[PDB]
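The next block holds one structure in the form of structure tokens; read it before the comments.
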Amino acid sequence: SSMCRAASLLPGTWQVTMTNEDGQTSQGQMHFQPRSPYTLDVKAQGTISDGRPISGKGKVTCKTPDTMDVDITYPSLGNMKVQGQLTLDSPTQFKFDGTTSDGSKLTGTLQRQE
């Protein structure tokens with residue numbers, strides 16, 4: 001129950017795969033918990049270059065019925081930010097297009113993890 005369909009379908013865990021402009025990729029998990037009928041809290045978990053786990057936290061906000069605004073901060077990575085947009089493709093898949101605080105153009109896929 002939320003004020004936009006994407007926020008209604010987002011709660012839970014998603015397997016996330018990311019690609020930047022230079023072809024580098026990454027993978028991890030993103031967890032969404034309801035914060036308000038317009039917003040959810042997002043927690044991103046991942047691993048860098050064969051070892052150190054890295055996490056970030058932020059919020060996603062209703063943008064359109066099927067799109068959300070994305071604002072995440074990664075304190076363990078110099079407090080760098082990831083801003084973007086989540087697009088509802090199916091109840092089991094979201095699409096991400098955004099940027100980092102350094103200027104990296106990122107695209108990603110969120111696959112529903114039960």
- Projected onto the charge dipole of the chain (unit charges on the beta-carbon of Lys, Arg, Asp and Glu, signs +1, +1, -1, -1), the Cα from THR61, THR109, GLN85 with the largest positive-side position is that of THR61
- Total formal charge among the other residues, if their Cβ is under 14 angstrom from that of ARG5, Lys/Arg +1 and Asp/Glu -1: -1
- Report ³J(HN,Hα) in whole Hz for each residue of segment 38-52, in order, from the Karplus equation J = 6.51 cos²θ - 1.76 cosθ + 1.60 where θ = phi - 60°; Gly and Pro get x. 10, 9, 10, 8, 10, 10, 9, 10, x, 9, 10, 3, 6, x, 4
- Can you check what the net charge comes to around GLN29, using other residues whose Cβ is under 12 Å from the Cβ of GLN29 (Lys, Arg +1; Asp, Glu -1)? +2
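Which ordering of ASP22, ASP66 is given by a fewest-first count of other beta-carbon atoms within 10 Å? Intermediate values should be presented prior to the final figure.
Working: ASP22 7, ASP66 15.
Placing the least packed residue first, the sequence is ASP22, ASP66.
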- Which residue, chosen from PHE32, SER2, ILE72, occupies the Cα position most advanced towards the positive end of the dipole of the chain, where the dipole is computed from +1 (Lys, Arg) and -1 (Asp, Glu) charges on Cβ about the Cα centre? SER2
- Note on the structure: dims of the chain, Cα set, principal axes, largest to smallest, nearest Å -> 38, 28, 24
- Query: Rounded to the nearest 20 Debye, what is the dipole magnitude of the chain about its Cα centre when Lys and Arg each give +1 and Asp and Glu each give -1 at the C-beta?
  - Reply: 320 debye
- Task: Kindly provide the helix-only [θ] at 222 nm of the chain, computed as the sum of -39,500 (n - 2.57) over DSSP H runs of four or more divided by all residues, to the nearest 500 deg cm²/dmol?
- Result: -1000 deg cm²/dmol
- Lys and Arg at +1, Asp and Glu at -1: neighbours of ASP41 with Cβ under 12 Å from its Cβ sum to +3
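Values in this text are rule-based calculations from the coordinates and carry no lab data. Because the Cβ atoms are built from the backbone with ideal geometry, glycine has one as well, and the counts that use them run over all protein chains shown.
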